[PDB]
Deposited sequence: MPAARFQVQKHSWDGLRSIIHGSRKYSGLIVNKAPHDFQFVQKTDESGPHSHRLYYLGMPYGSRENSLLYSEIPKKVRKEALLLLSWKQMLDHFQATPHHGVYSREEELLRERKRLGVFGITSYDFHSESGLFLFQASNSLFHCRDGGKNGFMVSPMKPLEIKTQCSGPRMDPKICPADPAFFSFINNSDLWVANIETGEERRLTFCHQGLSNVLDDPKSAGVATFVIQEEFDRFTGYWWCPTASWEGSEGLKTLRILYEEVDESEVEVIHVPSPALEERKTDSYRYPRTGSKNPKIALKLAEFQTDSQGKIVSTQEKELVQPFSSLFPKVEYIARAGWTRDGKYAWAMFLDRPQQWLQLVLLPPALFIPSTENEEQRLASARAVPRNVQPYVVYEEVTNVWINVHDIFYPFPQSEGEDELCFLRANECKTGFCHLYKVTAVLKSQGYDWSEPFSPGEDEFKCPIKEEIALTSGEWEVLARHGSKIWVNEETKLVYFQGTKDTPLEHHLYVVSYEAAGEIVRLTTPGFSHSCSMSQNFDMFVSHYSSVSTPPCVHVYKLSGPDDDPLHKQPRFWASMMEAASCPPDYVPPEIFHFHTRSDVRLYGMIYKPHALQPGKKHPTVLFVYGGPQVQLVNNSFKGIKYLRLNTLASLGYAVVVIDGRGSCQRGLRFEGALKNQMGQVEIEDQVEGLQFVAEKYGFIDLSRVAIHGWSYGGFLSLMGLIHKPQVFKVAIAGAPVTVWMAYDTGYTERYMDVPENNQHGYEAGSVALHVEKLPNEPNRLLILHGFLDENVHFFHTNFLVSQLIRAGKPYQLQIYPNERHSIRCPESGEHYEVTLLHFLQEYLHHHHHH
């Protein structure tokens, strides 16, 4: 038969040398296209973005000039121009305030420097956080275009502590907003006047007695709903009152975390031996009490803030919308006529999109007579409108795509584009027309509306897309709508679940879908609001990422068939290193006839007739797809390093993984751990049969977070398949994880005792090996996501069951290893564990 390949044994310092030698940049992102309006000049656009070029040590604000003409037989590489002159945005040592540090963790930001900016195109104002403060600069508009970097200007404050989530006022760019000490503020950038708008935070010495915030996304909203803001500027000014003062409006979420459980997580300054306190809603326990409110302020001709007002719903949020647990998203119609919100129930099986006219909000007051007078003055024809409802027996994934069209005068309907997955089980674009008919309400007379009370008739609902593929509507994916040509641009998996592509379809006469991106790569695209050009950041399994600029070209009478003409490069693909070998993608059909995709890192310098020790690298949880046609060598270089030593590395996207529709991910509903391990084992056995170089007697299972959970599930349920498990930051008891994630997939513990018990690996330690050196646990001590508690509880159970274990801690790490020295130590530790204990 086949010989068994033996990986070379190295000393510990030899393994350090291999890892250090193996490790012998952020592409342009967050694009703004600005048209240049001068016929004589050679540039059509300035393109603004964030990037870290090769010579730089941080992410900063950059621009490139897009030429009117390019040579056909020559590749233009655009110069990256610095907006900021010798400006360090990173604070000392890359040590952020706790507020900025935790936001960077929630957003998975690793790069130092400016990681976001707000831009007002008409004025050319840029507003961003830098150096523990707020800075601005101006380019374009009336001031003209810079040709060398400028010093940004610090915005002075009398506020104590961080100014978070800064945004420019759309209607009047003299104003911006920020959060300070859990309240919403505004300031005039020109005069330096600041004004507090909300008064939720009392500033009590005992923070636990001070549980309200305004304008803030709480922990579960940031970690599990991908929402990082709790306030939304009205895009328009209004002129109520006889004095002729200008009113500016902000919709905001007020939260009360009083009933939310408090946990303590060690702080990164280890020598201080202290914790930070978190309102951490564990599954089955209380989420924050929430409401939408309206903050208003008035300004005079000189830009002086004359007055401020908190307004609340004329009847309480909890009375109007009694089954709402979460606000997923909110915003405004472009005319400011309606605020809107996306509401979820606690089971996350029911979503409503609701219009809220500003007239439904009345001034907050302690005076009962004034409050009742305000309520009585709300016009009878003012109400919430539920313009869309999504219901499922699986779960609602929050999709970010909701595009309301402008209404005509006297028109009692709203037309909108909506991404909807629950209708067919695949996320698709629909054009929806809702009828807005006033029932007539006496808002001074309290009532208990049911769920259907404010429901709008649907006049029309047109599928713009259909089939067994997805429109991408999550984690930064969006649509772009050209109302002149009646085209919607979107990203999707129509060509293959392995590649993201840009497409265009008519929303007027839904028919042909045109693909605008190059097949054989996975694309991340940014479209000009003038629909004249777009950027694609793309890669393949074999080819490092590039960033290319395309001009949409051809007859204006045929907009659907505009050519994406390659125009210029912002970044050419790095050379594939000679010691990097891309993984190979495969697919197979399970015994139940489900198609699964996988990847295999073949042992380097592979010889026929030899079976190699194998690492099954697993994530396996919802909302992630590990296997796709994109470059893996930046994020997963360590898997190439394993293959270079003679390990085979296998990755399987089993049922529960994403980009395959709701029914595919729905397989794990209420039974997390169970179908995932069956698919991992079927995949491993398929790879062994097809490729013939897998030694099934020497398989390690390794993953982080959900992957750490499945590594332990593998050793517990399939101890004859998996010789060793290496479990990083594992979930070991689902009852210790949060509401937003755990309840979506598993229900509350009281409703799914069997599934919680079967899925909690710390309750099955009696099934873990009674042999030493089969189990290595790794965990960041500062982890605020999968708490170090999960590992501590697992260890407590291992001691009680009389089981051996190996443990490594990363004292200075949260949920991921960010420090290069700790990353190398982790990789050396893994190589050592495999060389000693995966071998017989």
query: Segments lacking C-alpha coordinates (deposited sequence numbering, starting at 1); finding: 1, 26-31, 848-851
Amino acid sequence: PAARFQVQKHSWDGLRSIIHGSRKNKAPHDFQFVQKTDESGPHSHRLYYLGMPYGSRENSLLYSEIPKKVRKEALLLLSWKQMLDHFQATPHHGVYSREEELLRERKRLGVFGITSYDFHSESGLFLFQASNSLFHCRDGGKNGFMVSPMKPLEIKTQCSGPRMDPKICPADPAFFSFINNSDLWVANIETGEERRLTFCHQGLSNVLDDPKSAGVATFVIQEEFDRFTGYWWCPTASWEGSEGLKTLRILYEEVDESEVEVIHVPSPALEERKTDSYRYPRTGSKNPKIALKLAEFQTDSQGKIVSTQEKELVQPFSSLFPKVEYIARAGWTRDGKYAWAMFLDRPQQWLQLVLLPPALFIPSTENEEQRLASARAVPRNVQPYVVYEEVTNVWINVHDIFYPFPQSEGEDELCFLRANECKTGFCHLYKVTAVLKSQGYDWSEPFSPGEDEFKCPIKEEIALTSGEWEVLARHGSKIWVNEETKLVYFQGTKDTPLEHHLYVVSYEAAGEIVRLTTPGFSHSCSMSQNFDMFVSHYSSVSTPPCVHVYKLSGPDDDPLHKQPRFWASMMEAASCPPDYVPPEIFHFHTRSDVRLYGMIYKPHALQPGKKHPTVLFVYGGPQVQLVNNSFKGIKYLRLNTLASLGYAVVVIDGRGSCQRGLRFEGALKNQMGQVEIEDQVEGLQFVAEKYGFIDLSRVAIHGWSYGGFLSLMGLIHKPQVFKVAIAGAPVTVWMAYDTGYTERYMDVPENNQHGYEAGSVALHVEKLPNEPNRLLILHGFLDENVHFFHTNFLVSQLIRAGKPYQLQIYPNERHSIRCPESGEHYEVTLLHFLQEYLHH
From here on, numbers count along this sequence of modelled residues.
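If you superpose the two forms and keep the largest set of C-alpha atoms that fall within 1.5 Å, you have the rigid core.
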{"property": "RMS Cα shift after core superposition in 4 other deposited structures of this protein, winner of 356-364 and 268-276", "result": "268-276"}
{"property": "Between 369-377 and 342-350, larger RMS Cα displacement in 4 other deposited structures of this protein after core fit", "result": "369-377"}
{"property": "Cross-entry absence of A574, a third or more of other PDB entries", "result": "yes"}
{"property": "Flanks modelled, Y54 absent in at least a third of other entries", "result": "yes"}
{"property": "Selected stretch [higher average CA B-factor]: 84-92 or 285-293", "result": "84-92"}
{"property": "120-128 set against 621-629, stretch whose average Cα temperature factor tops the other in the entry", "result": "120-128"}
{"property": "From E451, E224, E470, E499, residue of greatest CA B-factor", "result": "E451"}
{"property": "Residue with highest C-alpha B-factor in the PDB entry, from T424, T493, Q348, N206", "result": "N206"}
{"property": "Chain-wide C-alpha B factor ranking for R800, given as lowest, middle or highest third", "result": "middle"}
{"property": "Lowest, middle or highest third - CA B-factor, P266", "result": "middle"}
{"property": "Third of the chain, ranked by Cα B-factor, where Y48 sits", "result": "middle"}
{"property": "Third of the chain, ranked by Cα B-factor, where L62 sits", "result": "middle"}
{"property": "Position of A2 among the chain's modelled residues by C-alpha B-factor, lowest, middle or highest third", "result": "highest"}
